Structure formats: structure tokens, C-alpha cells
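Enquirer: Quick one: structure below, then a few questions.
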Amino acid sequence: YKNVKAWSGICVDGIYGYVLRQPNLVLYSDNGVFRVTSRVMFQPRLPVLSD
Amino acid sequence: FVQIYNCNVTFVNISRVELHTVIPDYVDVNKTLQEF
Amino acid sequence: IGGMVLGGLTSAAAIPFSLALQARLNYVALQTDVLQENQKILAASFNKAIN
Ligand SMILES: *[C@@H]1O[C@H](CO)[C@@H](O[C@@H]2O[C@H](CO)[C@@H](O[C@@H]3O[C@H](CO)[C@@H](O)[C@H](O)[C@@H]3O)[C@H](O)[C@H]2NC(C)=O)[C@H](O)[C@H]1NC(C)=O
Ligand SMILES: *[C@@H]1O[C@H](CO)[C@@H](O)[C@H](O)[C@H]1NC(C)=O
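Chains as they are written, first to last, in PDB author numbering: chain A, 1138 to 1188; chain B, 1189 to 1224; chain C, 934 to 984.
Next comes the structure, spelled out in C-alpha cells:
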């Protein structure tokens, strides 16, 4: 398994937290590139607003 | 939908512009900004 | 056993067992990779396990 730099969410302008709708997903920093993965299997993809 | 690169052959073959006829309310904002 | 390959197609058309398994993987975690790197590994591993 990989070591993943997870974030609890994004807080835009210091006011608006946004978090992934689905609890089974991890938002993480791939050396500055934000990506989303399953908590079970490392199958990463880019985030969309609809997440 | 979710975005995944790759295009593993057996996919609807379509341009970004034509996409709005497959997914209603899709907006190509970049093209739009170039026109407006 | 035939139910493993008689995937949900018209007629009584079957699918490759490789596909059947891919579906059973997506069930667990939606797969984001077009190419099945995992299948040759798992087929080989499976074959050893059965032997
Ligand atoms: C959607 O458009 C793509 C891109 O034009 C088409 O996929 C490509 O189709 C050709 C025909 O299906 C593939 O066959 C190739 O033929 C040459 C002989 O002319 C041969 O040397 C190559 O080995 C090969 O088999 C090509 O690989 C393939 N594209 C992909 C991604 O594999 C695809 O046909 C169109 N999609 C659909 C659903 O038809
Ligand atoms: C899309 O618009 C942004 C805003 O005008 C501009 O930075 C970007 O380069 C445009 N992208 C494309 C692909 O034309």
C-alpha cells in the first residue's frame, strides 16, 4: 500500500468548507496535485465539483 | 459522470462540442469565453 | 459455475470471465484504469492457489 497525504476538506476563502460527499473517498495531495481515491483500493482520479 | 483519461476503445466517439448532444446542459465554457 | 460467465447480455450470450471479474471488482471499488494490469497478476496467483 501507498502512503497518502489526506485532507479532511477544502475551505475556500476561509469561509466555505467543501468535503467529499462519499465517505469512502480520500482527497489527497499528490505533491500539490489534488486527487481522489478509494479508501480501499488505490485507484486515483481527479476531483470534480460534483464530488 | 467521472473523468478518467485513457479512452479504452469501446466508447462513444465524440468531440467536446458534440458532447452537449449526449449530455444535456454540458457547457464548453472555454469555447464560450472565446465567442462571448 | 456457468453463472460466472453468463453475464447479463441478450440471448444467452456469455462474456469473458475476465470481464465478469472486472464487474465484481467495480462492485468493491470503481476502477479508474482502462488497462487491467491486475488481471494477469491475479490469474497467475489464482492458478497457483488452485494447484
Ligand atoms: C473511436 O475512435 C478511435 C480512434 O479513431 C477508434 O479506435 C481505434 O480503431 C482502430 C479501429 O477500431 C484500431 O484498430 C487498429 O487498426 C490498425 C489497422 O488499420 C492496426 O494496425 C492497429 O493494430 C489496430 O488494431 C485502434 O487501436 C483503435 N483505437 C483504440 C483506442 O484502440 C475506435 O474505433 C472508435 N471507437 C469505436 C467504439 O469504434
Ligand atoms: C479557458 O479560460 C481560461 C479563462 O479565460 C484560460 O486560462 C484558459 O487557457 C482557457 N483554456 C483554453 C483551453 O482555451
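The beta carbon of each residue, even a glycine, is placed where N, CA and C say it ideally should be.
Contact check, residue 1175(A) vs residue 1162(A) under 8 angstroms by CB: the rounded distance?
Expert: Stepping through the first sequence from its first residue, residue 1175(A) is reached at position 38. Stepping through the first sequence from its first residue, residue 1162(A) is reached at position 25. Confirmed, Cβ separation roughly 6 angstroms.
Enquirer: Looking at the secondary structure, which residues open and close the alpha helix (DSSP H) in which residue 1220(B) lies?
Expert: Numbered from its first residue, the second sequence carries residue 1220(B) at position 32. Where residue 1220(B) is concerned, the enclosing alpha helix (DSSP H) stretches over 1217-1223.
Enquirer: What are the boundary residues of the alpha helix (DSSP H) that includes residue 950(C)?
Expert: As a working note, residue 950(C) is residue 17 in the third sequence. It spans 950-961 - the alpha helix (DSSP H) in which residue 950(C) sits, taken as one unbroken run.
Enquirer: Tell me the rounded alpha-carbon separation between residue 1188(A) and residue 984(C).
Expert: Residue numbering aside, residue 1188(A) sits at position 51 when the first sequence is read from its first letter. Residue numbering aside, residue 984(C) sits at position 51 when the third sequence is read from its first letter. When rounded, the distance between both Cα atoms is 44 angstroms.
Enquirer: For ligand 1, I want to know if residue 1171(A) counts as a neighbour, meaning its beta carbon is within less than 8 angstroms of at least one of the ligand's heavy atoms.
Expert: Numbered from 1 along the first sequence, position 34 holds the residue referred to as residue 1171(A). No, since every heavy atom of ligand 1 falls outside the 8 angstroms radius drawn around the Cβ of residue 1171(A).
Enquirer: When burial is assigned at 16 or more other CB atoms within 10 Å of the CB, is residue 1173(A) buried or exposed?
Expert: Counting from one through the first sequence, the residue named residue 1173(A) turns up at place 36. Residue 1173(A) should be labelled buried.
Enquirer: Have a look at residue 1194(B) and residue 970(C) and give me their C-alpha separation to the nearest angstrom.
Expert: Translated into positions along the second sequence, residue 1194(B) becomes position 6. Translated into positions along the third sequence, residue 970(C) becomes position 37. Using only the alpha carbons, I get a separation of about 14 angstroms.
Enquirer: Say yes only if the C-beta of residue 1197(B) is nearer than 8 angstroms to one or more non-hydrogen atoms of ligand 1, and no if none qualify.
Expert: Taking the first residue of the second sequence as 1, we reach residue 1197(B) at position 9. Yes, Cβ of residue 1197(B) sits closer than 8 angstroms to a heavy atom of ligand 1.
Enquirer: Give me the chain A residues within the contact set of residue 1191(B), using Cβ-Cβ distance strictly less than 8 angstroms, ordered along the chain.
Expert: If you number the second sequence from 1, residue 1191(B) lands on position 3. The contacting residues are 1182, 1183 and 1185.
Enquirer: Can you tell me whether residue 1164(A) is buried or exposed? The criterion is at least 16 other CB atoms within 10 Å of its CB, across all chains shown.
Expert: In the first sequence, the residue the question calls residue 1164(A) occupies position 27. By the neighbour-count rule (16 or more Cβ atoms within 10 Å), residue 1164(A) is buried.
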